[PDB]
2 protein chains.
Amino acid sequence: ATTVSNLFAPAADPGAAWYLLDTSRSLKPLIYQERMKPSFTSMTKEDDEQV
Amino acid sequence: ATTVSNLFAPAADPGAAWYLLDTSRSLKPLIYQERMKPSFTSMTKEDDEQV
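Residues numbered from 1 in each chain as written, not as in the entry; some residues may be left out. Chains lettered and ligands numbered in written order. Part of a larger assembly, values for the part shown. Heavy atoms only, no water. Residues with missing side-chain atoms left out of burial classes, pairs and counts.

As recorded in the entry header, the structure was determined using cryo-EM to a resolution of 2.57 Å.

Here it is as structure tokens:
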């Protein structure tokens with residue numbers, strides 16, 4: 001950092017290394033639980049609401 | 001009745017008649033619940049609480 005009125009921050013990163021500069025790690029991927037059941041609480045058993 | 005000593009209540013029973021003291025009465029056996037399915041409301045909305 002130098003001068004006054006600090007500017008936005010670019011970044012220089014290598015890509016050759018198989019272990020990249022950052023990493024997003026997850027236990028599970030996307031998972032969905034659409035409750036399209038007649039006994040679901042909010043679709044017929046609490047309201048007319050599908051979730 | 002004892003003026004001073006009141007330690008406990010040792011109980012004596014004949015337990016030999018047609019009936020016994022403190023007879024137990026049951027309507028139906030014990031039931032057990034596992035609200036673990038994704039369709040359960042709380043385990044999808046109550047910070048993923050299953051009971």
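There is more to say, and it comes next.
Details of the overall build of chain A
Looking only at helices and strands, chain A has one helix and zero strands in total. Along the first, second and third principal axes, the C-alpha set of chain A runs to 65 × 35 × 10 Å. (Helix = DSSP H or I, 4+ residues; strand = E, 2+ residues; numbered from the N terminus.)

Section: the pattern of salt bridges
Residue and element names in this part refer to chain B. All told, the structure shown has one salt bridge over all chains when counted by the stated rule. Ionic pairing is found between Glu46 and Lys45, a salt bridge with its closest N-O pair at 2.6 Å. Given the relative accessible area of 30%, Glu46 is considered partly exposed. (Salt bridge = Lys/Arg side-chain N within 4 Å of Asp/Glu carboxyl O. Buried < 20%, exposed > 50% of the residue type's maximum accessible area, 1.4 Å probe, protein only.)

What to know about the packing of aromatic side chains
Residues and elements named next belong to chain A. A complete count under the given rule lists one aromatic pair over all chains for this structure. Arranged with centres 6.0 Å apart and planes meeting at 35°, the rings of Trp18 and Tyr19 form a pair that is tilted. Residue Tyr19 is classed as exposed on the basis of its relative accessible area, which comes to 57%. (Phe/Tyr/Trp six-rings, centres within 6.5 Å; stacked < 30°, edge-to-face > 60°.)

Regarding the interface of chain A and chain B
Opposite the four residues of chain A that make contact, chain B presents five residues. When the buried area of chain A at its contact with chain B is split by residue, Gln33(A), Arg35(A) and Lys37(A) rank highest and sum to 85% of it. Taken together, chain A and chain B are joined by zero salt bridges. (Contact = heavy atoms within 4.5 Å. Buried area = accessible area lost by both parts, 1.4 Å probe.)

Remarks on the relation of the copies chain A and chain B
Superposing chain A onto chain B takes a rotation of 121° plus a shift of 1.7 Å along the axis, which leaves an RMSD of 1.8 Å. Taken together, the turn and the small shift mark the pair as related by a three-fold rotation axis. (Least-squares fit on C-alpha atoms.)

A few points about the side chain of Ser42(B)
Following the sequence through the fold, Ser42(B) ends up in helix α1 (residues 41-45). Setting aside its immediate chain neighbours within four residues, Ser42(B) contacts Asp47(B), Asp48(B) and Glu49(B).

Comments concerning the environment of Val4(A)
Residues and elements named next belong to chain A. Relative to the helices and strands, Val4 resides in the segment before α1 (41-45). Residue classification places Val4 among the exposed positions, given a relative accessible area of 72%. The sequence separation of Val4 and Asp22 amounts to 18 residues, and the corresponding C-alpha distance is 29 Å.

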